[PDB]
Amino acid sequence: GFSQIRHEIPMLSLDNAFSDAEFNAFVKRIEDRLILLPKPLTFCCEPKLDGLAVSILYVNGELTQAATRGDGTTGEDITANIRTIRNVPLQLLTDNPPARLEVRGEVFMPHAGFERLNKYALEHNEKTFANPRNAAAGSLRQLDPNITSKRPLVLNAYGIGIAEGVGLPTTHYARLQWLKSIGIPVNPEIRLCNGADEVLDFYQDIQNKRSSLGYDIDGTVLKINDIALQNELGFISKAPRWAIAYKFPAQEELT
């Protein structure tokens, strides 16, 4: 199979909200927690794309390795597969590439590609992919990078992991803009919002085009723009490093 890769920096998951009610609930939880509410709190609002999350490493501007999210802590080495994705640059353009930079984002299959692939499948006696999401995951997680080569995949960056030879801007949005400039792809629907009301609008606007843009949008990820606040706000951890459950082999049936 694929070589396993332990992410130097974790690939955390997200809590979900399925209503404005739960969303404000989330906001309030933050306000209280924050030492002093800046008023009115700015969120970097970006669309959540339907696909597979991946981590790409750049060493002095050169794409050197990539992996799948895995369990969030260990993924699979899909470097070669990643190089086949056109919109993924092999070289960051800056003249001053950080020592090491880890770009994170969604790999996905737009409607046109998805539709074409499935047309081919059906007409050639092969189960079609249920959705662009699943199609993406399979197209990408290929032992033979040539197959991945022929699948229409696209990368939309949303974050950074390791980062050394740099002093990243203080705001997430500023960071995404930097990633753009150095040649990395990031969704253009990302906007800045002040206060729930404003965010909720973003939510509505995006939802009213979750499929109209040419690709699938799962929902919207809302993040506090100010990096300092992020550090302050913390991480809703779970599972200790000092312990572990060593489970017994499954119970067998009678007979």
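Numbering starts at 1 and runs along the sequence shown.
Higher average CA B factor: 138-146, of the stretches 138-146 and 103-111.
The stretch with the higher mean CA B factor, choosing between 1-9 and 244-252, is 1-9. You'll see in the entry that, of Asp201, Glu189, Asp50, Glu62, the Cα B factor peaks at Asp201. The top Cα temperature factor in the record, among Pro132, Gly72, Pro169, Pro185, falls on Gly72.
When the CA B factors of the chain's modelled residues are split into thirds, the value for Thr79 lands in the middle one. In the deposited entry, the Cα temperature factor of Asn96 places it in the highest third of its chain's modelled residues. In the deposited entry, the Cα temperature factor of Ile224 sits in the middle third of values across the chain's modelled residues.
In this PDB entry, the Cα temperature factor of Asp32 sits in the top third of its chain's modelled residues, the highest group. Ranked by C-alpha B-factor against the other modelled residues of its chain, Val54 falls in the lowest third.
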